Structure formats: structure tokens, C-alpha cells
């Protein structure tokens, strides 16, 4: 009774963006809801789902008091640049995890600083099957991954764990009860991608643009926010604003 996260942009009536939390003040009408927007008229869930079937519509959400600092996952083109900005400019606000690997420790490496080294590939496989990792992968036949416990340690000491992970990790963290701020940075156009990345050609930028549209579709239920902008500085402001807003002690979580 009744707050929902909108999973689409709506341009009518109450405008809203993918990620916005709406207070639905009246849902009696099958086609149209009245809604408030926890910073008008909006399509009902069934109406929007009919339009899209012709599916991301609304997700019910609720308040939670948490007792840890939320991990941060930035997705989309520009994520590497923004993650770099955050951890470098704000080292006292963000922490990173130390990943695990089965690759052998090399001469100048330090366990617990470079990696948590795992002596047996079979043991790391068991741990992955036992859901001890939020993300794992292979390189040169060795396994690598970011553990639930490493993220929990950062969250519990009071820093935001900046995670370079894919969208499938968001779900894993929700299950672990370490709800992340998950922000997708959505490009406006291929032109915009080129504007803010004068490195790429208009074939590379097009592929990047394409990949982002698909990512938003695939993981659109899991984002807690979506940001857009015409400059990197506008984007970066909006990301910091979103991190602040979604920091709690009080936060919105799926119902």
C-alpha cells in the first residue's frame, strides 16, 4: 500500500523515469493509476504490459533500515571512467574488494592484498557452487571471483564497495542481503557516445550503444537508478546525487 519502482520511462499525467519510486495513491481503475512520486495519472501495470506485449513494467518496493554501507555497481558505457573517478577522488568513501584466484601466487605478490589465493581449483569450484561468490570467471584456465564475504567486510566497516561486476551480480548481492546501489548510465545516442569518448570510431561507438540498449533490457529490473547527461560532468553529478540519495540508513528494497 503501495510503492513501486518504475521500470520504464514515461512521457505523458505524471512523468517518470526508469528507476523512480512512485507512491501509488489509487489503483482502483484497471487502466490508470494515480501516483505521487517519492522524490498525476500513470498507466496501470496491466495497461503497460499490454502495450509492451503488443516485459518491464512496475516492481513493488518497501522501506528498510539497514545496518551496513551499500555496495555500488555502476553499469553502462562510462562505468570504468566513473568508477575510477569515485575511488580516486573519494578514497575515504569507497573501498574495493580483494578478489580470489586459483592462479599461483607470484614472487612479489601478497596474499590478502593482491588476491586471496586458493590452492585448489576444485575447492574454488565447490565454493562457487555453494554461492560464496557474487561473480566468478575464467582466465588462462584459472578461476577468479569476488566473494560475498569480501564485499560484506567493506560494507560493514562503513565504506561503499565499488564493484566492477556485471549485472548478474546484483541479484546475488540482494540474496546476501547486501543491497547495492545499481546505477545504469544510459547513452542518449551514438553521437553522445562519440562526444564523451572521442577515442572511438562510428562503428565502435555504434556497437557500444547497441550493447547498452541490450544491457538495459536484460537487467532493467535490477537497476536502482538510471542516469543520462550531455556531458561527463553532468553524468558524474547525477551519479553522486544518486549514491547519496540511496544511501540511507533508510533505503528502498524489493517488496
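Numbering follows the first chain given and starts at 1.
Look at the mean CA B-factor for 134-142 and for 152-160 in the entry; the higher one is 134-142. Of the two segments, 79-87 and 94-102, the one listed with the higher mean B-factor is 79-87 (C-alpha atoms only). The maximum CA B-factor among the listed residues 66, 42, 226, 38, taken from the PDB record, is found at 38.
The maximum CA B-factor among the listed residues 186, 47, 199, 70, taken from the PDB record, is found at 199. Placement of the Cα temperature factor of residue 242 within the chain: lowest third of the modelled residues, per the deposited record.
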